[PDB]
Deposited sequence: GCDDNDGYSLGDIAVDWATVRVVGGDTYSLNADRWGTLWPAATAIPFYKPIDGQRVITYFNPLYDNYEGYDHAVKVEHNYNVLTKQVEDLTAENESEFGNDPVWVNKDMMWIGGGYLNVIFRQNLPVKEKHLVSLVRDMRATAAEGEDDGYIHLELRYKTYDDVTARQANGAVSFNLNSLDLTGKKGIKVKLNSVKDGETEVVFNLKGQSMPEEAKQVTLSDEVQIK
């Protein structure tokens, strides 16, 4: 391609472990990234860990990988599943009013990616009401999830990635995510799929 050695790029990715301490990154937009070089040789990879990865792209189609790069930073992102909300845990997740305009939420690489302002004592969850009462998805064609934030002893920050591959999107128009906005109360966000 047209790359320079000075150039930097970023993406969110999933770490794939090759052999002991050798790893590749499966990036949402850039695809698979082989670390031909690195500024962090003592980085300990965990299979399935989501990260924000900063890297200098070098080549394309390198030994079965979409790109070879020099990794500069791998900031670990909290990696979680969609959790079923039941009678047993209905009160466990909280619902603090937390969302502002500088928060950002999107679907990439099979995950719901969330960043509250910056990555630089709380519980953040993505839940699905499976209780007897919940017939909301029934009669609209969307999967209904809710993002829940909870504080302990008192301004939200951080980043999280929720694996969405536990859901069945067959005959579904998409996914809906309910947010508790600080100013606007409960609001909906609609993700049409395909």
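Several segments of the deposited sequence have no coordinates for C-alpha: 1-5, 126-129, 164-167, 208-227, numbered from the first residue.
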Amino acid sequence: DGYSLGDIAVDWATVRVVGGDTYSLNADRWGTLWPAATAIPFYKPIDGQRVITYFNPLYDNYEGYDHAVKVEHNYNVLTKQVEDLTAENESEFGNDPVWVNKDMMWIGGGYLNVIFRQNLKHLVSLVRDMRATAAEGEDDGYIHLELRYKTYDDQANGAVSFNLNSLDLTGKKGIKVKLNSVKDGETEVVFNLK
From here on, numbers count along this sequence of modelled residues.
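Across the two stretches, 172-180 and 16-24, the PDB entry reports the greater mean Cα temperature factor for 16-24.
For the pair 83-91 and 69-77, the record assigns the higher mean C-alpha temperature factor to 83-91. Of the residues listed, 35, 57, 137, 48, the entry assigns the biggest Cα temperature factor to 137.
Remark: residue 43 belongs to the middle third of its chain, ranked by C-alpha B-factor as recorded. Residue 29: CA B factor in the lowest third of modelled residues in this chain (values from the PDB entry). Residue 133: CA B factor in the highest third of modelled residues in this chain (values from the PDB entry). Annotation for residue 107: C-alpha temperature factor in the lowest third relative to the rest of the modelled chain, per the entry. When the CA B factors of the chain's modelled residues are split into thirds, the value for residue 151 lands in the highest one.
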